[PDB]
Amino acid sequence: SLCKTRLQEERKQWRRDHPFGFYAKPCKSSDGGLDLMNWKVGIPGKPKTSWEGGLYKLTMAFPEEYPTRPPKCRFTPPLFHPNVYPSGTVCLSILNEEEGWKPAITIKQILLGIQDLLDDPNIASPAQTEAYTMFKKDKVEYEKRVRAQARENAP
């Protein structure tokens, strides 16, 4: 199938070349080789930001229709950030079928895109009210909670 073939090729390429500090791997299937439809990944905070030192864990759930449809990406546990729903689900343009998602988009592009989002929240689409408000009204407290969240997530 296209879905499995694509995911295999993404895995092949990722394991050979990926951004330092990131990780990504399919889960073990029940039998258990690889479950290519469900990956566990880690995104590191950028240096010289309050996210630094944290390794933030996400799951990526691929639908049967991928790459025509995007994967669902969920921080586990849910993350304090203006664009992360209380479920942990990330809100990002490239992960939206009706907006930025294209079959050409790669796992690497998705994870770098989420990494970029961490310290540069999109203020025009709040997914979480606590972090949003605090970001826009109390920037000092915001950054303070971000730094603590980073320590909670030291690798």
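Heads up: residue numbers just count along the shown sequence, starting at 1.
Of the two stretches examined, 107 to 115 and 89 to 97, the record assigns the greater average C-alpha temperature factor to 89 to 97. Legend: mean Cα B-factor per stretch from the PDB entry, 28 to 36 versus 51 to 59; the higher mean is in 28 to 36.
Per the deposited record, the Cα B-factor of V41 falls in the lowest third when ranked against the other modelled residues of its chain. Residue-level temperature factors show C3 in the middle third of its chain, judged at the C-alpha atom.
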